$ cat entry-v6.txt   # compact mmCIF, C-alpha atoms
# COMPACT_ATOMS: atom_id res chain seq x y z
CA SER P 3 -15.47 4.57 14.84
CA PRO P 4 -12.10 3.09 15.90
CA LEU P 5 -10.85 3.81 12.37
CA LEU P 6 -12.02 7.42 12.65
CA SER P 7 -10.61 7.88 16.16
CA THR P 8 -7.32 6.25 15.13
CA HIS P 9 -6.81 8.90 12.42
CA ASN P 10 -8.23 11.82 14.45
CA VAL P 11 -10.87 12.35 11.77
CA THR P 12 -12.64 15.72 12.09
CA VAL P 13 -15.66 16.78 10.03
CA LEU P 14 -16.67 20.46 9.91
CA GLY P 15 -19.41 22.30 8.04
CA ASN P 16 -22.95 21.44 7.03
CA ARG P 17 -23.81 17.77 6.50
CA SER P 18 -25.31 18.55 3.07
CA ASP P 19 -22.47 20.68 1.65
CA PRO P 20 -19.84 19.50 -0.87
CA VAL P 21 -17.07 17.53 0.80
CA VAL P 22 -13.40 18.53 0.78
CA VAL P 23 -10.84 16.12 2.26
CA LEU P 24 -7.49 17.59 3.35
CA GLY P 25 -4.37 15.44 3.71
CA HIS P 26 -1.12 16.61 5.25
CA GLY P 27 2.56 16.10 4.50
CA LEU P 28 5.37 14.34 6.33
CA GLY P 29 6.25 15.86 9.68
CA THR P 30 3.00 17.78 10.19
CA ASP P 31 -0.61 16.84 10.88
CA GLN P 32 -4.05 18.29 10.17
CA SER P 33 -3.12 21.39 12.19
CA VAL P 34 -1.19 22.47 9.08
CA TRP P 35 -4.67 23.42 7.81
CA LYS P 36 -5.37 25.62 10.85
CA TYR P 37 -5.53 28.79 8.73
CA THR P 38 -7.34 27.23 5.75
CA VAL P 39 -10.26 25.33 7.28
CA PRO P 40 -12.40 28.25 8.62
CA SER P 41 -12.41 29.81 5.14
CA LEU P 42 -13.59 26.49 3.68
CA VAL P 43 -16.40 26.23 6.23
CA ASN P 44 -17.52 29.83 5.70
CA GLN P 45 -17.60 29.08 1.95
CA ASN P 46 -20.18 26.32 2.58
CA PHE P 47 -17.89 23.32 2.10
CA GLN P 48 -17.89 20.28 4.40
CA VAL P 49 -14.30 19.75 5.53
CA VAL P 50 -12.85 16.35 6.41
CA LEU P 51 -9.51 16.39 8.21
CA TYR P 52 -7.48 13.33 9.16
CA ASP P 53 -3.97 12.38 10.25
CA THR P 54 -1.94 9.82 8.32
CA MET P 55 -0.76 6.90 10.42
CA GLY P 56 2.63 7.63 11.93
CA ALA P 57 1.99 11.32 12.58
CA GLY P 58 2.89 12.53 16.06
CA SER P 59 -0.79 13.04 16.91
CA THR P 60 -1.35 9.36 16.05
CA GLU P 61 -0.80 6.36 18.34
CA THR P 62 2.25 4.47 17.08
CA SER P 63 3.41 2.23 19.95
CA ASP P 64 3.13 -0.88 17.76
CA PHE P 65 3.56 0.83 14.39
CA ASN P 66 2.93 -1.53 11.45
CA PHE P 67 6.13 -0.88 9.51
CA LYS P 68 5.31 -3.53 6.90
CA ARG P 69 1.86 -2.11 6.10
CA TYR P 70 3.39 1.38 5.84
CA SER P 71 6.53 0.39 3.93
CA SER P 72 5.00 2.03 0.85
CA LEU P 73 2.16 4.46 0.25
CA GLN P 74 -0.23 1.52 -0.29
CA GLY P 75 -1.00 1.28 3.42
CA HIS P 76 -1.76 5.00 3.60
CA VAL P 77 -3.89 4.75 0.44
CA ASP P 78 -5.87 1.91 2.01
CA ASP P 79 -6.28 4.00 5.18
CA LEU P 80 -7.61 6.96 3.20
CA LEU P 81 -10.02 4.75 1.24
CA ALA P 82 -11.30 3.12 4.43
CA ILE P 83 -11.97 6.56 5.93
CA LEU P 84 -13.99 7.74 2.94
CA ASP P 85 -16.15 4.60 3.07
CA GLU P 86 -16.61 4.85 6.85
CA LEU P 87 -17.87 8.41 6.33
CA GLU P 88 -20.15 7.22 3.50
CA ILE P 89 -18.58 9.80 1.17
CA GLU P 90 -19.66 8.96 -2.37
CA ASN P 91 -17.61 11.77 -3.93
CA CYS P 92 -15.21 14.46 -2.76
CA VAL P 93 -12.48 16.93 -3.59
CA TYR P 94 -9.13 15.74 -2.21
CA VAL P 95 -6.43 18.26 -1.26
CA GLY P 96 -3.11 16.55 -0.70
CA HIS P 97 -0.10 18.28 0.79
CA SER P 98 3.36 16.93 -0.05
CA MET P 99 3.36 13.14 0.26
CA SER P 100 -0.43 13.19 0.62
CA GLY P 101 -0.44 14.43 -2.97
CA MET P 102 0.75 11.06 -4.25
CA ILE P 103 -1.57 9.28 -1.80
CA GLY P 104 -4.53 11.05 -3.39
CA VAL P 105 -3.24 10.28 -6.88
CA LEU P 106 -2.81 6.59 -5.99
CA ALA P 107 -6.20 6.45 -4.28
CA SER P 108 -7.83 8.05 -7.32
CA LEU P 109 -6.27 5.33 -9.49
CA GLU P 110 -7.98 2.69 -7.32
CA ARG P 111 -11.35 4.46 -6.83
CA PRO P 112 -11.74 7.27 -9.39
CA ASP P 113 -15.47 7.48 -8.65
CA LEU P 114 -14.54 8.81 -5.20
CA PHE P 115 -12.77 11.97 -6.42
CA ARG P 116 -14.29 14.86 -8.35
CA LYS P 117 -10.96 16.60 -8.27
CA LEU P 118 -7.43 16.37 -6.92
CA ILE P 119 -5.55 19.41 -5.63
CA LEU P 120 -1.84 18.70 -5.22
CA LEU P 121 -0.12 21.18 -2.90
CA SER P 122 3.70 20.99 -2.96
CA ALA P 123 3.55 17.48 -4.44
CA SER P 124 6.26 15.61 -6.34
CA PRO P 125 6.27 12.27 -8.21
CA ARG P 126 10.04 11.88 -7.76
CA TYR P 127 12.58 13.83 -5.72
CA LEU P 128 15.73 12.33 -7.21
CA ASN P 129 17.22 13.85 -10.33
CA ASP P 130 17.29 11.74 -13.48
CA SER P 131 18.15 12.13 -17.14
CA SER P 132 16.40 15.41 -18.07
CA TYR P 133 14.34 15.29 -14.85
CA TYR P 134 15.22 17.74 -12.08
CA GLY P 135 13.54 16.69 -8.83
CA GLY P 136 15.98 18.60 -6.65
CA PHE P 137 18.01 15.85 -4.98
CA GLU P 138 20.86 13.47 -5.67
CA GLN P 139 21.38 10.17 -3.87
CA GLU P 140 24.30 11.65 -1.90
CA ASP P 141 22.01 14.36 -0.53
CA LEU P 142 19.51 11.68 0.52
CA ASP P 143 22.19 9.53 2.17
CA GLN P 144 23.39 12.53 4.18
CA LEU P 145 19.77 13.49 4.92
CA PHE P 146 18.97 10.03 6.30
CA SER P 147 22.22 9.89 8.28
CA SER P 148 21.43 13.22 9.95
CA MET P 149 17.91 11.97 10.75
CA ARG P 150 19.22 8.88 12.54
CA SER P 151 22.13 10.57 14.30
CA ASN P 152 20.43 13.69 15.67
CA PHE P 153 16.74 13.85 14.75
CA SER P 154 16.08 17.04 16.72
CA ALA P 155 18.97 18.91 15.09
CA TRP P 156 17.90 17.61 11.68
CA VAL P 157 14.31 18.72 12.29
CA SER P 158 15.38 22.23 13.26
CA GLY P 159 17.47 22.65 10.12
CA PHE P 160 14.95 21.04 7.79
CA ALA P 161 11.98 22.96 9.20
CA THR P 162 13.69 26.33 8.77
CA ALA P 163 14.60 25.48 5.17
CA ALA P 164 11.22 23.96 4.29
CA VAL P 165 9.09 26.69 5.88
CA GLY P 166 11.00 29.51 4.20
CA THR P 167 9.88 33.02 5.10
CA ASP P 168 8.17 33.05 8.50
CA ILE P 169 6.74 36.57 8.58
CA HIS P 170 4.34 35.92 11.45
CA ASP P 171 7.33 34.15 13.09
CA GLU P 172 5.64 30.91 14.21
CA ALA P 173 5.59 28.30 11.43
CA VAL P 174 9.15 27.03 11.91
CA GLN P 175 8.46 26.25 15.57
CA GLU P 176 5.03 24.85 14.68
CA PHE P 177 6.39 22.52 12.00
CA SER P 178 9.33 21.58 14.23
CA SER P 179 7.03 20.63 17.12
CA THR P 180 4.86 18.21 15.14
CA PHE P 181 7.95 16.69 13.50
CA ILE P 182 9.70 16.12 16.83
CA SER P 183 6.54 14.49 18.24
CA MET P 184 6.92 11.72 15.65
CA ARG P 185 8.78 8.50 16.28
CA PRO P 186 12.19 9.01 14.62
CA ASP P 187 12.14 5.54 13.04
CA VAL P 188 8.67 6.11 11.59
CA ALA P 189 9.94 9.40 10.16
CA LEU P 190 13.10 7.75 8.82
CA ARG P 191 11.37 4.83 7.10
CA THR P 192 8.67 7.09 5.66
CA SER P 193 11.29 9.53 4.38
CA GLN P 194 13.41 6.72 2.91
CA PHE P 195 10.51 5.49 0.80
CA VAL P 196 9.12 8.91 -0.11
CA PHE P 197 12.39 10.64 -1.02
CA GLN P 198 13.43 7.63 -3.13
CA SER P 199 10.01 6.98 -4.70
CA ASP P 200 9.27 7.31 -8.42
CA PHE P 201 5.58 7.59 -9.37
CA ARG P 202 6.26 9.22 -12.74
CA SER P 203 5.11 6.24 -14.82
CA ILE P 204 1.65 6.00 -13.22
CA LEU P 205 0.89 9.71 -13.73
CA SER P 206 -0.60 9.04 -17.17
CA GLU P 207 -3.05 6.61 -15.52
CA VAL P 208 -4.66 9.50 -13.62
CA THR P 209 -8.09 10.35 -15.03
CA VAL P 210 -9.52 12.84 -12.50
CA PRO P 211 -8.87 16.60 -12.92
CA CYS P 212 -5.82 17.86 -11.02
CA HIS P 213 -5.06 21.37 -9.79
CA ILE P 214 -1.31 21.70 -9.19
CA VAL P 215 -0.38 24.32 -6.58
CA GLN P 216 3.03 25.08 -5.12
CA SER P 217 5.24 27.94 -3.99
CA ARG P 218 7.48 29.68 -6.51
CA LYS P 219 10.52 28.74 -4.35
CA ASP P 220 10.42 25.40 -2.51
CA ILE P 221 13.65 23.66 -1.47
CA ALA P 222 11.95 20.27 -1.85
CA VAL P 223 9.82 20.83 -4.97
CA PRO P 224 11.45 22.65 -7.92
CA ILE P 225 9.07 24.65 -10.09
CA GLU P 226 9.97 22.21 -12.89
CA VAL P 227 8.10 19.51 -10.97
CA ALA P 228 4.82 21.44 -11.24
CA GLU P 229 5.25 21.79 -15.01
CA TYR P 230 6.09 18.09 -15.20
CA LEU P 231 2.89 17.05 -13.43
CA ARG P 232 0.92 19.41 -15.68
CA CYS P 233 2.25 17.64 -18.80
CA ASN P 234 2.18 14.05 -17.50
CA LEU P 235 -1.00 13.62 -15.46
CA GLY P 236 -3.43 11.76 -17.69
CA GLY P 237 -6.40 14.08 -17.18
CA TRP P 238 -7.25 17.75 -17.08
CA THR P 239 -4.56 19.76 -15.30
CA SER P 240 -3.85 23.33 -14.29
CA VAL P 241 -1.02 25.01 -12.41
CA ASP P 242 -1.27 27.85 -9.88
CA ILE P 243 2.09 29.14 -8.64
CA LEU P 244 1.99 30.87 -5.26
CA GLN P 245 3.98 34.10 -4.97
CA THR P 246 5.74 32.75 -1.88
CA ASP P 247 8.63 30.58 -0.77
CA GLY P 248 8.16 27.51 1.39
CA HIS P 249 6.93 23.93 1.46
CA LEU P 250 4.03 24.61 3.86
CA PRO P 251 2.57 27.83 2.45
CA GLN P 252 -0.90 27.22 3.87
CA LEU P 253 0.73 27.50 7.31
CA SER P 254 3.29 30.26 6.71
CA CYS P 255 1.46 32.41 4.11
CA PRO P 256 -2.22 31.43 4.21
CA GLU P 257 -3.39 34.83 2.95
CA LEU P 258 -1.86 34.01 -0.45
CA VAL P 259 -2.81 30.31 -0.43
CA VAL P 260 -6.43 30.29 0.77
CA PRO P 261 -7.85 32.30 -2.20
CA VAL P 262 -6.10 29.93 -4.62
CA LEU P 263 -7.34 26.87 -2.73
CA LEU P 264 -10.88 28.25 -2.69
CA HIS P 265 -10.81 28.77 -6.45
CA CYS P 266 -9.47 25.28 -7.14
CA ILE P 267 -12.08 23.48 -5.04
CA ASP P 268 -14.95 25.32 -6.74

$ encode --input "entry-v6.txt" --output "structure tokens"
Amino acid sequence: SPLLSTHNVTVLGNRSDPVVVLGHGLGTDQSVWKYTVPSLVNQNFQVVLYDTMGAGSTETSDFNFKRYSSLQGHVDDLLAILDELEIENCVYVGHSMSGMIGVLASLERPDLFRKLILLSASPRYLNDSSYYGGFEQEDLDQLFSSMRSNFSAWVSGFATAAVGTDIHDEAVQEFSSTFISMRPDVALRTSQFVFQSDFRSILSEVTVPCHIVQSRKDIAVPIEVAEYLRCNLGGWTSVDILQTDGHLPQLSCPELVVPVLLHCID
């Protein structure tokens, strides 16, 4: 119960319906799923939402920086939640950095996951020999500098670029508000690990089926990254490309994302 309160765990739907767990990316929280969850409930799925430790909706006064210096602490948090909810098996939908969390958790407890759905996920953001992840180390250095120097100004610029088209004219402010509610040092240290991570070599270890979903244009996830995960995840894979631009399409263009997410879960 303290574990479930600590992560703001929310369970919606019928107790006997198939379970879908939804993880969120850096800078947002479970409210990123605000336009997705009611469709999942009305489709007779049981929806588990949670906030990763360090999110603005999470209590972080004595944040355990050591435990959360890699994704291992978040993976252990996610595993502890599934056990505390007595979930023997689930579909896991991971947005952005929660994509790798689900991959890593499935490597530790593959029995727990029928299926992974990676939304805007990337195993490595830095370019490499014949790998385009979208970023060079100089971009990251400048990115981190701007985060430390003026976090609010960095958030405003990053949120407009990450959200992309904002037709309903609310997602930039929504994403900006959850990002600015974070502790800047939690955001910095999480970004430093995530943007410089490289999980490419463990992809072949994945055994659970993976649906790969991402926008056609995403400043943080080149389309080449979706093809790369398709060819390098060790299990069954499929790619659905959303006819949108943006890193949080479930928030900014849910009408084009929800049908795809419904198909992938079922």

$ residues_around --input "entry-v6.txt" --residues "stretch 173-176 of chain P" --least-positions-apart "2" --cutoff "8 Å" --atoms "only C-alpha atoms" --output "MDAnalysis selection string"
chainID P and resid 158 161:162 165 168 170:171 178:180 253:254

$ closest_residue --input "entry-v6.txt" --among "P:169, P:182, P:118, P:149" --to "residue P:106" --atoms "only C-alpha atoms"
P:118

$ closest_residue --input "entry-v6.txt" --among "P:11, P:228, P:235, P:22" --to "residue P:207" --atoms "all atoms listed in the file"
P:235

$ closest_atom_pairs --input "entry-v6.txt" --of "stretch 179-262 of chain P" --to "stretch 48-62 of chain P" --cutoff "10 Å" --atoms "all atoms listed in the file" --output "CSV"
residue,atom,partner,partner_atom,distance
P:179,CA,P:58,CA,9.2
P:180,CA,P:58,CA,6.1
P:181,CA,P:58,CA,7.0
P:182,CA,P:58,CA,7.7
P:183,CA,P:58,CA,4.7
P:184,CA,P:58,CA,4.1
P:185,CA,P:58,CA,7.1
P:187,CA,P:56,CA,9.8
P:188,CA,P:56,CA,6.2
P:189,CA,P:56,CA,7.7
P:192,CA,P:56,CA,8.7

$ atom_distance --input "entry-v6.txt" --atom1 "atom CA of residue P:236" --atom2 "atom CA of residue P:204"
8.9 Å

$ closest_residue --input "entry-v6.txt" --among "P:76, P:218, P:202, P:126" --to "residue P:233" --atoms "all atoms listed in the file"
P:202

$ atom_distance --input "entry-v6.txt" --atom1 "atom CA of residue P:177" --atom2 "atom CA of residue P:38"
15.8 Å

$ closest_residue --input "entry-v6.txt" --among "P:41, P:143, P:124, P:150" --to "residue P:234" --atoms "all atoms listed in the file"
P:124

$ residues_around --input "entry-v6.txt" --residues "stretch 261-265 of chain P" --least-positions-apart "3" --cutoff "12 Å" --atoms "all atoms listed in the file" --output "PDB file with C-alpha atoms, in the frame of the given file"
ATOM      1  CA  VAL P  22     -13.400  18.530   0.780  1.00  0.00           C
ATOM      2  CA  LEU P  24      -7.490  17.590   3.350  1.00  0.00           C
ATOM      3  CA  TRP P  35      -4.670  23.420   7.810  1.00  0.00           C
ATOM      4  CA  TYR P  37      -5.530  28.790   8.730  1.00  0.00           C
ATOM      5  CA  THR P  38      -7.340  27.230   5.750  1.00  0.00           C
ATOM      6  CA  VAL P  39     -10.260  25.330   7.280  1.00  0.00           C
ATOM      7  CA  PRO P  40     -12.400  28.250   8.620  1.00  0.00           C
ATOM      8  CA  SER P  41     -12.410  29.810   5.140  1.00  0.00           C
ATOM      9  CA  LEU P  42     -13.590  26.490   3.680  1.00  0.00           C
ATOM     10  CA  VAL P  43     -16.400  26.230   6.230  1.00  0.00           C
ATOM     11  CA  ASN P  44     -17.520  29.830   5.700  1.00  0.00           C
ATOM     12  CA  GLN P  45     -17.600  29.080   1.950  1.00  0.00           C
ATOM     13  CA  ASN P  46     -20.180  26.320   2.580  1.00  0.00           C
ATOM     14  CA  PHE P  47     -17.890  23.320   2.100  1.00  0.00           C
ATOM     15  CA  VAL P  93     -12.480  16.930  -3.590  1.00  0.00           C
ATOM     16  CA  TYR P  94      -9.130  15.740  -2.210  1.00  0.00           C
ATOM     17  CA  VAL P  95      -6.430  18.260  -1.260  1.00  0.00           C
ATOM     18  CA  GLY P  96      -3.110  16.550  -0.700  1.00  0.00           C
ATOM     19  CA  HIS P  97      -0.100  18.280   0.790  1.00  0.00           C
ATOM     20  CA  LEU P 118      -7.430  16.370  -6.920  1.00  0.00           C
ATOM     21  CA  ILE P 119      -5.550  19.410  -5.630  1.00  0.00           C
ATOM     22  CA  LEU P 120      -1.840  18.700  -5.220  1.00  0.00           C
ATOM     23  CA  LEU P 121      -0.120  21.180  -2.900  1.00  0.00           C
ATOM     24  CA  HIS P 213      -5.060  21.370  -9.790  1.00  0.00           C
ATOM     25  CA  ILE P 214      -1.310  21.700  -9.190  1.00  0.00           C
ATOM     26  CA  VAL P 215      -0.380  24.320  -6.580  1.00  0.00           C
ATOM     27  CA  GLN P 216       3.030  25.080  -5.120  1.00  0.00           C
ATOM     28  CA  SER P 217       5.240  27.940  -3.990  1.00  0.00           C
ATOM     29  CA  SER P 240      -3.850  23.330 -14.290  1.00  0.00           C
ATOM     30  CA  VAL P 241      -1.020  25.010 -12.410  1.00  0.00           C
ATOM     31  CA  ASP P 242      -1.270  27.850  -9.880  1.00  0.00           C
ATOM     32  CA  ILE P 243       2.090  29.140  -8.640  1.00  0.00           C
ATOM     33  CA  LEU P 244       1.990  30.870  -5.260  1.00  0.00           C
ATOM     34  CA  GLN P 245       3.980  34.100  -4.970  1.00  0.00           C
ATOM     35  CA  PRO P 251       2.570  27.830   2.450  1.00  0.00           C
ATOM     36  CA  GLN P 252      -0.900  27.220   3.870  1.00  0.00           C
ATOM     37  CA  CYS P 255       1.460  32.410   4.110  1.00  0.00           C
ATOM     38  CA  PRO P 256      -2.220  31.430   4.210  1.00  0.00           C
ATOM     39  CA  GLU P 257      -3.390  34.830   2.950  1.00  0.00           C
ATOM     40  CA  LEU P 258      -1.860  34.010  -0.450  1.00  0.00           C
ATOM     41  CA  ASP P 268     -14.950  25.320  -6.740  1.00  0.00           C
TER      42      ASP P 268
END

$ residues_around --input "entry-v6.txt" --residues "residue P:219" --least-positions-apart "5" --cutoff "10 Å" --atoms "only C-alpha atoms" --output "list in words"
residues 164, 166, 224, 225, 243, 244, 245, 246, 247, 248 and 249 of chain P

$ atom_distance --input "entry-v6.txt" --atom1 "atom CA of residue P:104" --atom2 "atom CA of residue P:10"
18.2 Å

$ closest_residue --input "entry-v6.txt" --among "P:200, P:220, P:31, P:86" --to "residue P:163" --atoms "all atoms listed in the file"
P:220

$ residues_around --input "entry-v6.txt" --residues "residue P:85" --least-positions-apart "6" --cutoff "12 Å" --atoms "all atoms listed in the file" --output "PDB file with C-alpha atoms, in the frame of the given file"
ATOM      1  CA  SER P   3     -15.470   4.570  14.840  1.00  0.00           C
ATOM      2  CA  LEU P   5     -10.850   3.810  12.370  1.00  0.00           C
ATOM      3  CA  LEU P   6     -12.020   7.420  12.650  1.00  0.00           C
ATOM      4  CA  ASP P  78      -5.870   1.910   2.010  1.00  0.00           C
ATOM      5  CA  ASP P  79      -6.280   4.000   5.180  1.00  0.00           C
ATOM      6  CA  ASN P  91     -17.610  11.770  -3.930  1.00  0.00           C
ATOM      7  CA  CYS P  92     -15.210  14.460  -2.760  1.00  0.00           C
ATOM      8  CA  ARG P 111     -11.350   4.460  -6.830  1.00  0.00           C
ATOM      9  CA  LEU P 114     -14.540   8.810  -5.200  1.00  0.00           C
TER      10      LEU P 114
END

$ decode --input "entry-v6.txt" --residues "stretch 169-188 of chain P" --atoms "N, CA, C and O atoms" --output "compact mmCIF listing (two decimals), in the first residue's frame"
# COMPACT_ATOMS: atom_id res chain seq x y z
N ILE P 169 -2.77 20.78 -32.29
CA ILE P 169 -3.96 21.28 -32.98
C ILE P 169 -5.01 21.72 -31.98
O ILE P 169 -5.63 22.79 -32.12
N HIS P 170 -5.25 20.92 -30.95
CA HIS P 170 -6.15 21.34 -29.89
C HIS P 170 -5.54 22.40 -28.99
O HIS P 170 -6.24 22.93 -28.11
N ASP P 171 -4.25 22.71 -29.17
CA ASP P 171 -3.60 23.87 -28.55
C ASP P 171 -3.57 23.78 -27.03
O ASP P 171 -3.95 24.71 -26.31
N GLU P 172 -3.11 22.63 -26.51
CA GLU P 172 -3.00 22.42 -25.07
C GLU P 172 -1.84 21.53 -24.65
O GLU P 172 -1.46 21.58 -23.48
N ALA P 173 -1.27 20.72 -25.54
CA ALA P 173 -0.33 19.70 -25.10
C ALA P 173 1.02 20.29 -24.73
O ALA P 173 1.70 19.78 -23.83
N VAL P 174 1.45 21.36 -25.41
CA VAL P 174 2.70 22.02 -25.05
C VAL P 174 2.63 22.52 -23.61
O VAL P 174 3.51 22.22 -22.79
N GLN P 175 1.57 23.25 -23.26
CA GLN P 175 1.44 23.71 -21.89
C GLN P 175 1.28 22.55 -20.92
O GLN P 175 1.82 22.59 -19.80
N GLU P 176 0.57 21.49 -21.32
CA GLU P 176 0.39 20.35 -20.43
C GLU P 176 1.72 19.66 -20.14
O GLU P 176 2.07 19.40 -18.99
N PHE P 177 2.48 19.36 -21.20
CA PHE P 177 3.79 18.74 -21.04
C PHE P 177 4.74 19.66 -20.29
O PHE P 177 5.53 19.19 -19.46
N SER P 178 4.68 20.97 -20.55
CA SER P 178 5.56 21.90 -19.85
C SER P 178 5.27 21.93 -18.36
O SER P 178 6.18 22.07 -17.54
N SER P 179 3.99 21.79 -17.98
CA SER P 179 3.62 21.95 -16.58
C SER P 179 4.06 20.76 -15.74
O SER P 179 4.48 20.93 -14.59
N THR P 180 3.97 19.54 -16.28
CA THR P 180 4.47 18.39 -15.55
C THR P 180 5.99 18.39 -15.49
O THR P 180 6.58 18.02 -14.47
N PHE P 181 6.64 18.82 -16.57
CA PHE P 181 8.10 18.90 -16.57
C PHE P 181 8.59 19.89 -15.53
O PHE P 181 9.51 19.59 -14.76
N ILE P 182 7.98 21.08 -15.47
CA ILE P 182 8.45 22.10 -14.54
C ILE P 182 8.14 21.74 -13.09
O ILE P 182 8.74 22.30 -12.17
N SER P 183 7.21 20.81 -12.85
CA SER P 183 6.91 20.36 -11.50
C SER P 183 7.95 19.39 -10.96
O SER P 183 7.97 19.13 -9.75
N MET P 184 8.82 18.88 -11.83
CA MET P 184 9.91 18.01 -11.43
C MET P 184 11.01 18.80 -10.73
O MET P 184 11.17 20.01 -10.92
N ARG P 185 11.78 18.09 -9.91
CA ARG P 185 13.02 18.64 -9.41
C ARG P 185 14.01 18.74 -10.57
O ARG P 185 14.19 17.76 -11.30
N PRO P 186 14.64 19.89 -10.78
CA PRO P 186 15.55 20.02 -11.93
C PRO P 186 16.73 19.06 -11.88
O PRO P 186 17.16 18.58 -12.93
N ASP P 187 17.24 18.75 -10.69
CA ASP P 187 18.36 17.81 -10.59
C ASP P 187 17.93 16.38 -10.85
O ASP P 187 18.70 15.60 -11.43
N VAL P 188 16.72 16.00 -10.44
CA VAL P 188 16.20 14.69 -10.83
C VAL P 188 16.08 14.61 -12.35
O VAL P 188 16.47 13.61 -12.96
